[PDB]
Every structure is written in C-alpha cells, then in structure tokens.
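K.L.:
With the sequence shown counted from 1, adding 186 to any position gets you the numbering used here.
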Amino acid sequence: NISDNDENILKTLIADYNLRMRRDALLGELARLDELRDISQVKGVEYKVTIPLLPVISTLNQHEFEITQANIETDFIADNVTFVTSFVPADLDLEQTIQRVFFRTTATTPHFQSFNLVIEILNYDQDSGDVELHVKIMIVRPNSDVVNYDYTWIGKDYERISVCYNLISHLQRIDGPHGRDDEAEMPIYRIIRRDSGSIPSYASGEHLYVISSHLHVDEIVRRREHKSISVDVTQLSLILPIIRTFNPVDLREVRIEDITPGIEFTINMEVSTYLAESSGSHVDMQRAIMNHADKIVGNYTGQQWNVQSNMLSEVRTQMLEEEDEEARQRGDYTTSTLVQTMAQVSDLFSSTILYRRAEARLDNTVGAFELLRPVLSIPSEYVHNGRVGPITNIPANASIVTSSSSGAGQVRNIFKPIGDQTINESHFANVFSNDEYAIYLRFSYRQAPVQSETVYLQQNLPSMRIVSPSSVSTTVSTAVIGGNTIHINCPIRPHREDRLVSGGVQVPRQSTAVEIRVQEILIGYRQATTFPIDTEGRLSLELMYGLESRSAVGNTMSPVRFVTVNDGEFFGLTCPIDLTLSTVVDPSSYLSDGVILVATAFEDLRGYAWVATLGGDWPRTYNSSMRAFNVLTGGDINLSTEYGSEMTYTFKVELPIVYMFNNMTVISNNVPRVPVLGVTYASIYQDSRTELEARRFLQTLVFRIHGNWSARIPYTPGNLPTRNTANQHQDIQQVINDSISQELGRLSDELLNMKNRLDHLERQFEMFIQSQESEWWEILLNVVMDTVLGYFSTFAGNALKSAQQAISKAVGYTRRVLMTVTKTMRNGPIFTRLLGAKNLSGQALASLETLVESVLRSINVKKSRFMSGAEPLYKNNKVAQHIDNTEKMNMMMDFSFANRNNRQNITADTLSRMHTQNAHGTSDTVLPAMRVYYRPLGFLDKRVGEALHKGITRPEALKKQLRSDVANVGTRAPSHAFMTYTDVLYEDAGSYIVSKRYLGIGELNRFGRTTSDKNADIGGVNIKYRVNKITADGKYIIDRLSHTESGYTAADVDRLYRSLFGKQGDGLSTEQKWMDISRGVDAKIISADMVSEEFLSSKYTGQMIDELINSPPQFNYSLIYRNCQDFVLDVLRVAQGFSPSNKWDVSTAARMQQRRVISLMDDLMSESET
C-alpha cells in the first residue's frame, strides 16, 4: 500500500488544507475555490469568443447624452436606439422612497410618448443576499393608451437585471429627384419626416425586452462542480417597422426626466454616417433589429461571466492608470509663457519706425484751379475824346441846349481807380486728393504793370449807362448880351416808375508783367508719421496758360515735411521743378473780345442831383458835391461847368479796385477762345457757363499731369500678430494654428504653380535625406526595387520602421510639408480657420511624400511626368489625388462640403454648417474621423456609490457591501475594441466611392495557452459605398456596393461573417450575409469626447490596413498584449503615419510595406500608358 513516509506526507497535506480553511474563515464569507474559478474563467473565455463585433453601437450615459443633444443641431435620427435600465440589487440605494426611471419625448412619435419603470423589492435578506423583485413597466402611447407590463425575478444579491427598450426608425423611401443641385453635380431628393403634402419616408417600430440571469454560485460552492451561467431574455413587445408614418423619433427631443440614484441608465445608438435607404423586406428588417439585440445580450452575458468568476474565488486586477493632467498642464503653461515672452520681444517694435512697400501710378488727367480774380488792371486818368465813351451816352435828339443857340455839348469822361494795384501772394494749389495719398502743387504770383497807352473798346449797342436821364434841364430866361442862362439838373434812371434797377461803368485796359513761378510740388500721405526713405519715381511737367508755358523735367525725388490747414501736418516726397512764366512776349490775341461792364445797382440815388443856377447875374463857379455816390460806390461823381472858349460836360465816375472786382463780368463771348492744345473743357469753362466764360479762363490755371512714384512709407504698427496670439489664444493648438496662419504670408506666391510646388517639395526632401546620419535610405531603395520587381523581402517591415521613425524625428520637414500643403490648396486660410481647436497632423503628408519619392526614384521618373492634365487636376488625372497631398486635400474639401466652399468670399463659420455627414455636430472633425472605441455596452463602467451611513454598522450591511464591491470591481471591461479608417475616391463628375475599413478585436483571454479557435481574434472588412445623390438640405445619400465590387468571393463573405458576427449564418445566403456586414459598419461613433488632431486618409495606407484584414497574422494576441485596446491602438499609430509596433512578427509589416509599394507601382504603371 503506502509506507510511513507517505502517511507523514498525507498528514501534512491535510494540515495544510486546514490552514487554508482557517485563512478563508478569517477573511470572510465569500468562497475562495481556485479550481472552480479557473474552470469558470476558461468557460467564460470560450463563450466570449462568440460575442458579435458588429453592429457598431455607441453607448452614452445621461451626461454625455445631454452634451450630445446640445452639440447636434440638425436632424438626429437613429436606426436603432436602445435605452437600457440596468441595476444590481446590491447597489440600489435602499433608503430611497422609490426606484424609478421616467423618460419622455416632447414631440409626436407614432408609438411612444413616455416610458415609466418602477422597481419594488418584496423581500431582501441581507445576510445571504436573496432578493425578490417586481419590475413594472408602464408605457403611454400618443393617444394616451396606457400599456402595462410586469416582470418578477427571484435570485441573488449580485446578479444584474436589464430592461431594454428600442425605438426603430428605418428610412424606407426617398422621393425625387426634384431637380438637380448645381454646386454638387447630383440629383436632389427629399426626406419627408413631418406632416406635409408628400409621402412619408420613415417607418417606425419598437422592441421591448428584459434580460435576467442566474449565476449558479451557491450550488457550485455546494456541489463543488462547475455549472455554466444561464441568461434568459424575456420578450415583451416587438412592433416591426412595416408602414410609413410621419414624425419619427428625433433624439434632440427626448427628455430623461427622472432616474433614481443607483440605477444605471445608458443610451445605445447606431446613427448612419450618411443617409441610406434601407431594405423593405420583412426578414431583413427583423434581422436588422435582432442583430442590435443580440450584441446587447452578448455584452450582458460576458459581464455576468465576469461576476460569477469573481464570486467563486479571488481575481486580482490592475485599473488602467490614467494620464497625468498636472504634468501636461505644466508643460502647456510653460509653452504659453514662452509665447508671452515672444510677444514681449515683438512689443519693442512699437518704439521703432517701421515702413512698407509703396507703388502706384497717376495717369494723364485734366485738373482745374482758379485764382482769386482774372488778371485785370486799370490805367488811371483816362479821358475820352469821343462823343460816347465810358460815362456819357446821351442822344443829340433829346432836348438839351446850352447858352449857344441850338449848340450841342462836348463831353469828357474820366475813369479813376482809387488805390494801388500791387498783389503778391503764393498759392497752395490742389491737384489731386485721395483716400491713400494726396498731391498738392504750388507756385507764386508776381504783378506790377508796364507803362503803355490806354485801350478803348467800342459798343455798337451799349447797355444801361450810369448817365441816362428822362429830362435834363428847362429854359427859363434868355439874355441879349450875357447869353442863355441854364439850370442844370442831373437825374438818372432808374426812376420811380421802373423795374430791375441797374448801373454799370466802362473799364479801360492795359497789359501787366505776369510772373508765375513754380519751384516745388508736394504729396502728403495720410498714415505717414515721418520722412519716407528710398524715394523713387519719374516725372515730366508741362504747362499751358495765356500763350506761353514751361516744359520741365524732374526725376529726383526726396522726402519732405509740411503742414496744411485742413488736416494738419503732412509727410511725403517732393519734386524739384524750377521755372518762371512770362506772357508779355505775345499776349495779344484777345484783342477781338474784352468789353467788360461792372455790375453796380442801388435804389438810393433815385432822382437825386445837383441844384444850382449860374449865368448872367450869378458867377461862373460852383463848389459842392453829393456824397451818397461815394457811400454807395467808393469814388466820386463830377459835374461842373464854366463859361469860356468852349464847354465840357464833365461827367467823371470814380471807382475802387476791390469793389470793382467784387462784380466783374466777361460779356462779349461772341468770338470765343479755345484751349492751347484743344483739350476738353474742365467744368470751370463752357460748362453751362451762362456768360461766365472768360473770367475763369484768365483765373483758372489748367495744366497736364501724368506720373508715378515709389517709396517706403513709415507707419504705426499697432498690435503685432504675436502680441495678438499671446493676448487671445486659449490653447497650444491655437498657438500652432496662429503660427500657420502667419507663415502663410511669408511664403512665396510662386508656389501656386504646380511645377514650382513640386520643385519646392523636391528640395525639401533632398534636405531631409542629406541630413541623415545613417544609410537607411539606400537599403529602403533596395527593398523598394526588390518589391517593385516582384521578389519578396523579409525585412521590408524594418525598412518601413526606419523611414517612419526618421519622419517622426525630423519635425522641421513635416512642418514645412504641412505649410506648403496649406499654402497651395484652394483657400488655405479658410481651412485653417475651419479647423477650429484642432490641428491638421502633418505626419501622414510627409509619410506619403517619402513613399512616392522612393518608388519614383526606384523607377527613375520625375514626378512632373505623372502630374499632367487640366485644372482642377484631380478631375483630369487618375492618380493626382493619390500621389499629391494638395490634390487630395482639395478633393476632400470638395467632397466634405459639396462644393459650397468654392462659393465666393464664404467665411468659415457659414461654411462649417454645410457639412454633408448625417448628424454632424459642431464639435466633429471636418475630415473623416480616425479613432479607437473602447467602452462597455449596456451598462456603466463605474457604479453609483453611497455615502457611509452615520448609524452603527450591522454585520449584514458589511457583508452586503463586500458582495457589491466584489461584483463591481474589475467586471466592467469592454468586450472589444475597434478602429475605422475611411477613405474617399472621386470617380466621375458627381460620383464618389467611400471605402470604409473596419477592424476590431475581441476581449483578450485570461488563459492564453489555448489553441487559436478558443482565443481572441480580429475581424475586419472593407465595405464600399457610392455617393450619387443629395438632399434638399445639403446632405448626401449613400448606395451600398455588393461584395463583388469590394473584392470578396462567396467563401470570403462566409469567413467575414464568421469573424464579425461570431457565428455561422445558418440559412443566410451570401447576399444576406453581405447585407448584414455592410449595414453593420456604416454606423457612426457618437461621443462627447473631443479629438485634437485631423488626419488625412490615403489609398496606400488603406492597402496596408487591408493587408491585416485580408491575410491576418498567425499571432497569439492574448500572450503578447495586455489589453485588446493596445492592438487597435498600434494599428491606429500605423494608420496615422507612424512606425509599426515591435510586438508584431517581422513578416506582418514586411507584407504591409510590399502591399503599399505594389499598389503605388501598379497605379503609376497604368498612368504611364498614356
């Protein structure tokens, strides 16, 4: 049998078992059975490899749901949205009055107004948790029909109950086309959701069910044999979306009124990225509903496997330690302070004098400036020897006799200007003024007369003279010896019986010596504060006035300071033009015209005259004067007679110069003069002049002007843009975007040329390569030549890793590639402002640069050979969108906004509300998103706690708290993670192919040394869409492509279905399986989390991902990784342009490299055939 040593061994083994029992009794009442826990974990693993990966569902709690509703401002309708009420009776806060959920909608929905749920706890034994529940679900239909459901559960303290309620909305019919969009070359359709004149589109249903489970922990611990958990799904309501009604469920209108603390409520939703018409078949609709339900039930069952495993024995877990908020905050604060110091450095420029480049031209123009008066002077002491002259215009027909018998008189008429004629003024001439600058010319005037004889002008019909009576004198008595005694009376018109009082006096002429002297011109600048420097420009000046002129040549320009009386001091550049004007040489061609009458009207002198009688008995002399004449007109009137040899009718009018010029007229326009060079008249001449034709011409100085100039004009700087960045940024991304916006100014405009941009990029690449301390580039060229040639090389993965590491380390090259891409794309600045708070990541741009350059140098062709066509180039080249970063950016900006960004002068704010994605928040990425999703589905990831009760604790309370802790700590890991990489193609006038690459991995095993059919594995697919249609609201409509056009056969579809839905489609044809796979991936990731980067997708990184999707590696993820998220995070690093992970085998990245180089080479060969 067994010896005595064996008996000692047996006794010590039994003693050790008793020590274990002691320890277990010391710790608590929970079981600690290692072997049962291990079998439980292996069985839960075997189950978990069957939880579907598809469809894509996005779980939100109450908080993120309200944030998302605040974000999204367009129509927000989800194909399936499941509101899950979940709770563990150990975590419910039993102190509450009621355990409730009540959430309602504020609009009309075909099936739904409110949903109310109340949990009642009939029995609860807290020593060994034995719960008896009663859930009562109450739903109210829109017509106020109240429907009741009941559910009763008996079980344990730590087991979960889920009540799921789905509101289905299927888009079954779009109506149209109702025209054609012109900005997007697509037909226009309409989507009728509300009570309108049209036929409804959306068909609405519902689906209500309860999930509960029994973890057989107690009888496992009793019988000491394992027993798989049992999960039971109870159906309660399923209304298929058959008929089409108005007013579907919009998720901006759902209000979540009340939820008792301790209850877990999530919203699980799949919203289409673009609107897509569903399938009207009954079986298809019901599969679409049941796939959602199956994924939710699968996640629930996985969580319950975790809870059973933790209840059976001790499982230790490490919570994923969080990122450092405080260290990143310190780093960003230091960067901000560096920006502030750069601003402080730039602020010194406000103490210096800064200039700008100035350039313009002024054309041949006509301009007019008039003097104070026309050039006129009067010789003094001018006496007239004719019968009719300046003063007296009297008939001999009228009755006027003197002491001679019928003897007419002999008049003398004298003109006497009072004062000196000298005038010396220098003018401030105004030629041109403008918003930006204003030119003023200058000169001076010189006047003094030369001595020459007077000039008389003859009127054939002279006007109303100042000497014009009605009656002059009467005869009273005659003498035999003495002679006829006269009684002179000098009344003049106008008299008491008249209208339009008048008067005028003839003005003699002589010629003076005019000297109009120019020495300078001056242009003022509005914003110039001091002397401009580097003055340049060329001028020629030519005059015309009178009959003579000056032509002057001035070329040198110099800065100058002066002041004007209207705006103050002015700064600019002046021209030395020195000359002198003298027209006495030949002024004599205006002799023909020139009779000038001076307007003098008053009513004061009406009927007044001199009274005296002189003759026989009275002496021959009188001496007195009437001086109202002097008051009214600044001179004297003379009338005096003598007896002697001959008589003179002395009539003398005396005038002042200034009053004379106060009313001067230029009548006799009968023979009118013309410009010295026959130029059009400048609106101070012959422009409805109405007798005013010569005073201006002898007043206005009209000249010819053309010329141009250049200089550097000082200016005050304001706030420099670095001070602006320091004063109003919020973030380091805004500092980066402001730096990009500023550097778009320093770059040349030679780059808006395709050839020059390619040359610049080649120079940047040569700089990048020449600076490398290692020779990885030559071996990368060797690998690319092997691949192009068709041989297989094992270390292409290491070649790729070296290239990606180098690009990640050379950030200057990446920044300059990004800057040139931003400069040369259509509307770079609009794009940078569209980015908002995010950055475009420049890694993928430089990565594509390096790839294309290596293949081109391998085949030895320049890149301008493949880039030939007409603009926009990507519509006329089958490869330009693939190898050029600028064309790819242009295509993506055209696709994203449906060409609304090519609208003129559109601003980013107006443009950002024009995205073509369904349910586009204002917080979403302009470019198609690229991220990893890792979140639990159907329940939260933290429990809702309680505060410690302030009474005295009870042992059953302690036990209940321990059970809650054990059921919740470490059991809420997500069952999978996934990544999406979407890429767009432009195929014809208004058609695109959107190729969306899904890739996800299930939860990693607790036991990884098993065979591959029991371990976590990956599953991916590439589903292609086609964008032909658009709505009257500016959003696209997708038509989904079959499995053939995606590159899959029947067997490939079989394998993909098994990989993605966890099971064999039993009774599904390949058409139905592909419908499932395609319709499961189009959903969208809805979240409140913000990204801070923008990534540009490429065809060839798409081929790299397709390599993992089509030929997956033979890899044991559970032994290599620690988290299913790490794998998709590594693949996401690779997709974003970084290097492959070192956890992978060599051949994985080898095959990725070769696939991308092969794809690019085949494209370039097919393009070469042209």
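Quick reminder that beta carbons are idealized off the backbone N, C-alpha and C, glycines included.
Pull up the distance between the alpha-carbon of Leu937 and that of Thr1008, whole angstroms please.
P.N.:
The residue labelled residue 937 in the question sits at position 751 within the sequence shown. The residue labelled residue 1008 in the question sits at position 822 within the sequence shown. Approximately 11 Å between the Cα atoms of the pair.
K.L.:
For my contact list, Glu456 and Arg1086 are in at a C-beta cut-off of 8 Å; report their separation, rounded to the angstrom.
P.N.:
Taking the sequence shown and counting its residues from 1, the one referred to as residue 456 is at position 270. Taking the sequence shown and counting its residues from 1, the one referred to as residue 1086 is at position 900. Wrong, their Cβ atoms sit about 28 Å apart, outside the cutoff.
K.L.:
Decide if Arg943 is buried, meaning its Cβ has at least 16 other Cβ atoms within 10 Å, or exposed.
P.N.:
Translated into positions along the sequence shown, residue 943 becomes position 757. In the assembly as shown, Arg943 is a buried residue. Its beta-carbon has 16 or more other beta-carbons within 10 Å.
K.L.:
Is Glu1173 helix, strand or coil by DSSP?
P.N.:
Residue 1173 sits at position 987 when you count from the first residue of the sequence shown. In the structure shown, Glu1173 sits in a strand (DSSP, three-state: E or B).
K.L.:
Hey, could you find the ends of the alpha helix (DSSP H) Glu929 is sitting in?
P.N.:
Here residue 929 is taken as the residue at index 743 of the sequence shown, counted from 1. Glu929 -> alpha helix (DSSP H) spans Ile918 to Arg932.
K.L.:
Between which two residues does the beta strand (DSSP E) carrying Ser300 extend?
P.N.:
Taking the sequence shown and counting its residues from 1, one reaches residue 300 at position 114. Residues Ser300 to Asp311.
K.L.:
At the level of alpha carbons, what is the spacing between residue 176 and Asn204?
P.N.:
Absent from the model: residue 176. The displayed extent of the chain is 187 to 1356, so no value can be given.
K.L.:
Who are the near neighbours of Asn492 in its chain, counting only those whose CB is closer than 6 Å to its CB and skipping five residues on each side?
P.N.:
Counting from 1 along the sequence shown, the entry for residue 492 is found at position 306. Closer than 6 Å at Cβ, skipping near neighbours: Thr1157.
K.L.:
Determine the direct distance from the alpha carbon of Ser1284 to that of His1068, and round the result to whole angstroms.
P.N.:
On the sequence shown, residue 1068 is found 882 positions in, with the first residue counted as 1. On the sequence shown, residue 1284 is found 1098 positions in, with the first residue counted as 1. Whole-angstrom Cα-Cα distance: 7 Å.
K.L.:
Please report the residue range of the beta strand (DSSP E) in which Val997 lies.
P.N.:
Along the sequence shown, read from residue 1 onward, the residue named residue 997 stands at position 811. No beta strand (DSSP E) contains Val997, which is instead part of the alpha helix (DSSP H) from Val997 to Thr1010.
K.L.:
Out of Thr578, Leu647 and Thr671, point me to the one whose CA is closest to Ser589's CA.
P.N.:
Stepping through the sequence shown from its first residue, residue 589 is reached at position 403. The option with the nearest alpha carbon to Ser589 is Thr671.
K.L.:
In this structure, does DSSP put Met324 in helix, strand or coil?
P.N.:
Indexing the sequence shown from 1 puts residue 324 at position 138. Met324 falls in the strand class under three-state DSSP.
K.L.:
Within 10 angstroms of its Cβ, does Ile385 collect 16 or more other Cβ (buried), or is it exposed?
P.N.:
Counted from its first residue, the sequence shown places residue 385 at position 199. Answer is exposed; the Cβ neighbour count stays below 16.
K.L.:
Taking the C-alpha atoms as reference points, what is the distance between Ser416 and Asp367?
P.N.:
Counting from 1 along the sequence shown, the entry for residue 416 is found at position 230. Counting from 1 along the sequence shown, the entry for residue 367 is found at position 181. Whole-angstrom Cα-Cα distance: 56 Å.
K.L.:
What whole-angstrom Cβ distance do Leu1282 and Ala1094 have, given they're in contact under 8 Å?
P.N.:
The residue given as residue 1282 occupies position 1096 in the sequence shown. The residue given as residue 1094 occupies position 908 in the sequence shown. With 8 Å as the limit, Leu1282 and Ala1094 do not qualify as a contact, their Cβ atoms being about 19 Å apart.
K.L.:
Quick one: is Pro680 buried, meaning 16 or more other Cβ sit within 10 Å of its Cβ, or exposed?
P.N.:
As a first step, residue 680 must be located in the sequence shown, where it is residue number 494. Under this definition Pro680 is a buried residue.
K.L.:
Per DSSP, which residues does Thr236 bridge with? Please list them.
P.N.:
Indexing the sequence shown from 1 puts residue 236 at position 50. DSSP output for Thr236 lists no bridge partner at all.
K.L.:
To the nearest angstrom, how far is it from the Cα of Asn266 to the Cα of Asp1225?
P.N.:
Counting from one through the sequence shown, the residue named residue 266 turns up at place 80. Counting from one through the sequence shown, the residue named residue 1225 turns up at place 1039. For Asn266 and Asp1225, the distance between alpha carbons rounds to 20 Å.
K.L.:
Over the uninterrupted alpha helix (DSSP H) stretch that includes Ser495, give me the two end residues.
P.N.:
Reading the sequence shown from its first residue, position 309 is the one you call residue 495. Run containing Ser495: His468 to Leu498, per the alpha helix (DSSP H) assignment.
K.L.:
Under three-state DSSP, which class holds residue 160?
P.N.:
Since the first and last residues shown for the chain are 187 and 1356, residue 160 lies out of range.
K.L.:
To the nearest whole angstrom, what separates the beta carbons of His478 and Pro241, a pair I think is in contact under 8 Å?
P.N.:
Residue mapping note: residue 478 aligns to position 292 of the sequence shown, counting from 1. Residue mapping note: residue 241 aligns to position 55 of the sequence shown, counting from 1. The Cβ separation is near 6 Å, so the contact holds.
K.L.:
Can you give me the Cβ contacts of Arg380 inside the same chain, cut-off strictly under 8 Å, excluding the 5 residues immediately before and after it?
P.N.:
Counting from one through the sequence shown, the residue named residue 380 turns up at place 194. Counting only Cβ-Cβ distances below 8 Å, and skipping sequence neighbours, we find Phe432 and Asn433.
K.L.:
Would you mind giving the Cβ-Cβ distance between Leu1026 and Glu1280, rounded to the nearest angstrom? I have them listed as a contact below 8 Å.
P.N.:
In the sequence shown, counting from the first residue as 1, residue 1026 sits at position 840. In the sequence shown, counting from the first residue as 1, residue 1280 sits at position 1094. With 8 Å as the limit, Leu1026 and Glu1280 qualify as a contact, their Cβ atoms being about 5 Å apart.
K.L.:
Hey, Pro275 and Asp343 are a contact pair by Cβ (cut 8 Å); roughly how many whole angstroms apart?
P.N.:
Indexing the sequence shown from 1 puts residue 275 at position 89. Indexing the sequence shown from 1 puts residue 343 at position 157. About 6 Å; that satisfies the 8 Å criterion.
K.L.:
Could you please give the first and the last residue of the uninterrupted beta strand (DSSP E) stretch that includes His673?
P.N.:
Sequence index remark: in the sequence shown, residue 673 carries index 487 (1-based). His673 -> no beta strand (DSSP E), and no H or E assigned at all.
K.L.:
Would you identify the three-state DSSP class for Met1078, choosing helix, strand or coil?
P.N.:
Position 892 of the sequence shown holds residue 1078. Helix, per DSSP.
K.L.:
So, under 8 Å CB-CB, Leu357 and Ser464 are touching, yes? Tell me the CB distance rounded to an integer number of Å.
P.N.:
Numbered from its first residue, the sequence shown carries residue 357 at position 171. Numbered from its first residue, the sequence shown carries residue 464 at position 278. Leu357 to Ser464, Cβ: 6 Å. Contact.
K.L.:
What whole-angstrom Cβ distance do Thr338 and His320 have, given they're in contact under 8 Å?
P.N.:
Here the question's residue 338 lines up with position 152 in the sequence shown. Here the question's residue 320 lines up with position 134 in the sequence shown. Right, the Cβ-Cβ distance comes to about 5 Å (below 8 Å), so this counts as a contact.
K.L.:
Identify the continuous alpha helix (DSSP H) that holds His249 and give its terminal residues.
P.N.:
Taking the sequence shown and counting its residues from 1, one reaches residue 249 at position 63. First-last of the alpha helix (DSSP H) with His249: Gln248 to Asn257.
K.L.:
What is the DSSP secondary structure of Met455, reduced to helix, strand or coil?
P.N.:
Taking the first residue of the sequence shown as 1, we reach residue 455 at position 269. In this structure, DSSP gives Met455 an extended state, which the three-state scheme calls strand.
K.L.:
Among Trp804, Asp790, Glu832 and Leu800, which has the Cα closest to the Cα of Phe815?
P.N.:
Working through the sequence shown from its first residue, we reach residue 815 at position 629. The residue among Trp804, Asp790, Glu832 and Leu800 with its C-alpha nearest the C-alpha of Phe815 is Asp790.
K.L.:
Distance check for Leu1294 and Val332, CA to CA, integer angstroms please.
P.N.:
Sequence index remark: in the sequence shown, residue 332 carries index 146 (1-based). Sequence index remark: in the sequence shown, residue 1294 carries index 1108 (1-based). Cα to Cα, the separation comes out at about 53 Å.
K.L.:
Can you say whether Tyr871 is buried or exposed, counting buried as having 16 or more other CB atoms within 10 angstroms of its CB?
P.N.:
For the purposes of this step, residue 871 is taken as residue 685 along the sequence shown, with counting starting at 1. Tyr871 comes out buried.
K.L.:
Where does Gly391 fall in DSSP's three states?
P.N.:
One-based indexing of the sequence shown puts residue 391 at position 205. In the structure shown, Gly391 sits in a strand (DSSP, three-state: E or B).
K.L.:
Starting from the C-beta of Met971, find all residues in its chain whose C-beta is less than 8 Å away, skip the five residues before and the five after it, and write them out in chain order.
P.N.:
Sequence index remark: in the sequence shown, residue 971 carries index 785 (1-based). Leaving aside the five residues that flank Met971 on each side, the residues in its chain whose CB is nearer than 8 Å to its CB run, in chain order, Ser1044.
K.L.:
Hey, is the segment 967-987 in contact with the segment 1049-1065, meaning 3+ C-beta pairs nearer than 8 Å?
P.N.:
no
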